[PDB]
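Before any comments, here is the structure.
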Amino acid sequence: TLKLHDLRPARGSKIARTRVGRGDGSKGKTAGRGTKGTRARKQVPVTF
RNA sequence: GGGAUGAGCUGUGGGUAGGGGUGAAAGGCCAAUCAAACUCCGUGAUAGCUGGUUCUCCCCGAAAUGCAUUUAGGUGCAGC
Ligand SMILES: [Mg+2]
Ligand SMILES: [Mg+2]
Ligand SMILES: [Mg+2]
Ligand SMILES: [Mg+2]
Ligand SMILES: [Mg+2]
Ligand SMILES: [Mg+2]
Ligand SMILES: [Mg+2]
Ligand SMILES: [Mg+2]
Ligand SMILES: [Mg+2]
Ligand SMILES: [Mg+2]
Ligand SMILES: [Mg+2]
Ligand SMILES: [Mg+2]
Ligand SMILES: [Mg+2]
Ligand SMILES: [Mg+2]
Ligand SMILES: [Mg+2]
Ligand SMILES: [Mg+2]
């Protein structure tokens, strides 16, 4: 019989979350921003 | 070293409060703080600025140019 320990999601459905800013083997110190300007600490509006 | 019977010094009690007081006037002083005191709240103010951002390996891999800009250490779009 199928039990609660025989259930598993479809392959490709659940993928892993990207945890940013956790060392140099992943997205490192600046977490993908890189800059020193506006884009390093804030959002730029779309209308601007 | 100056004044040391005077526009003197001092004690006790009181009054004036923050764009307000008080000033023989230095922006002085208002509790070791003053070109607008302190405390709590709005509040986790905002900062094109400086700093910080934490385990791993595999594959690829730039740019520092153009144009516009209250723009020139910022950003949009193109290029990569
Ligand atoms: Mg979630
Ligand atoms: Mg580091
Ligand atoms: Mg940095
Ligand atoms: Mg940038
Ligand atoms: Mg003498
Ligand atoms: Mg004497
Ligand atoms: Mg004398
Ligand atoms: Mg005043
Ligand atoms: Mg003066
Ligand atoms: Mg004082
Ligand atoms: Mg003011
Ligand atoms: Mg508010
Ligand atoms: Mg801030
Ligand atoms: Mg290579
Ligand atoms: Mg520039
Ligand atoms: Mg761009």
Side-chain angles (χ1 to χ4, degrees):
Chain A
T1 60
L2 274 301
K3 303 294 288 185
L4 289 172
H5 60 274
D6 292 331
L7 268 61
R8 57 181 59 86
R11 194 264 299 156
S13 63
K14 183 73 175 70
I15 63 173
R17 185 177 185 174
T18 299
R19 291 188 293 120
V20 84
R22 292 296 191 274
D24 289 329
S26 63
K27 290 184 171 66
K29 60 179 182 73
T30 55
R33 296 178 187 261
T35 325
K36 201 175 182 186
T38 300
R39 289 287 190 189
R41 296 177 185 91
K42 286 164 66 177
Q43 296 286 318
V44 179
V46 185
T47 56
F48 183 70

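Worth knowing before you read on, the calculation uses all heavy atoms, side chains too, and leaves out hydrogens, waters and symmetry mates. The chains referred to below are lettered A, B, ... by the order of the sequence lines, with proteins before strands, and numbering in each begins at 1.
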Practice problem: Can you check each nucleotide of nucleotides 60-80 of chain B against protein heavy atoms at under 4.0 Å and return B for base, S for sugar-phosphate only, - for none, in 5' to 3' order? | Solution: --------------SSS----
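For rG20(B) and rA35(B), the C1' atoms lie 15 Å apart once the distance is rounded to whole Å. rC9(B) sits 11 Å from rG3(B) when the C1' atoms are compared, rounded to a whole Å. Atom P of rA72(B) sits at a distance of 13 Å from the matching atom of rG48(B), rounded to the whole Å. Distance check on atom P: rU54(B) versus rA64(B) gives 29 Å, rounded to whole Å. For the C1' atom pair drawn from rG28(B) and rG23(B), the interatomic distance equals 7 Å after rounding to whole Å. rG6(B) and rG13(B) have their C1' atoms separated by 25 Å, given to the nearest Å. For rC58(B) and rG51(B), the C1' atoms lie 33 Å apart once the distance is rounded to whole Å. Across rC38(B) and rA31(B), the matching P atoms stand 9 Å from one another, rounded to whole Å.
If you chain together ILVMFWY residues whose side-chain heavy atoms come under 4.5 Å of each other, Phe48(A) ends up grouped with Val44(A).
For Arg41(A) against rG48(B), a side-chain-to-base donor-acceptor contact under 3.5 Å is absent.
Consecutive residues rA32(B) and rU33(B) form an unstacked step, taking six-membered ring centres below 5.5 angstrom and planes below 30 degrees as the test. Consecutive residues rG20(B) and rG21(B) form a stacked step, taking six-membered ring centres below 5.5 angstrom and planes below 30 degrees as the test. Both conditions, centre separation below 5.5 angstrom and plane angle below 30 degrees, do not jointly hold for the six-membered rings of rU54(B) and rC55(B). With a 5.5 Å centre cut-off and a 30° plane cut-off, the bases of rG14(B) and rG15(B) come out stacked. Base stacking of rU39(B) on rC40(B): present (ring centres under 5.5 Å, plane angle under 30°).
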Quiz item: Reading RNA chain B 5' to 3', how would its secondary structure be written in dot-bracket notation, given Watson-Crick and G-U pairs with both distances under 3.5 Å, brackets [ ] for crossing pairs and | for partners on other strands?
Solution: .................(.(.(.....).)...)..............................((..(....)..))..
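Judged by the sign of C1'-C2'-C3'-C4', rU54(B) carries a south-puckered sugar. Judged by the sign of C1'-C2'-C3'-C4', the sugar at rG51(B) is north, the angle being positive. A positive value of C1'-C2'-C3'-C4' puts the sugar of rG61(B) in the north, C3'-endo-like family. The pentose of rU50(B) belongs to the north class of puckers. Its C1'-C2'-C3'-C4' angle has a positive sign. Sugar pucker of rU70(B) is south, as judged by a negative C1'-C2'-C3'-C4' dihedral.
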Identify every side-chain donor-acceptor pair in residues 2-21 of chain A under 3.5 Å, counting partners at least two apart or on other chains, and give the distances.
| unit_1 | atom_1 | unit_2 | atom_2 | d |
| --- | --- | --- | --- | --- |
| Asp6(A) | OD2 | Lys3(A) | N | 3.3 |
| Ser13(A) | OG | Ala10(A) | O | 2.6 |

Donor-acceptor pairs under 3.5 angstrom involving side-chain atoms of residues 22-37 of chain A: please list them, not counting sequence neighbours.
| unit_1 | atom_1 | unit_2 | atom_2 | d |
| --- | --- | --- | --- | --- |
| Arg33(A) | NH1 | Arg39(A) | O | 3.2 |
| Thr35(A) | OG1 | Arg33(A) | O | 2.8 |

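Both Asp24(A) and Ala31(A) sit near RNA chain B, but only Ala31(A) has its closest nucleotide nearer the 5' end. With RNA chain B read from its 5' end, the first of the two nearest nucleotides for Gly25(A) and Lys29(A) is the one closest to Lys29(A).
The separation between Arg33(A) atom CZ and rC49(B) atom P is 13 Å, rounded to whole Å. The separation between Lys27(A) atom NZ and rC55(B) atom P is 17 Å, rounded to whole Å.
Side chain of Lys42(A), nearest nucleotide from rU56(B), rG48(B), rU54(B): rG48(B).
In this structure, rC60(B) shows a glycosidic angle within 90 degrees of zero, which is the syn conformation.
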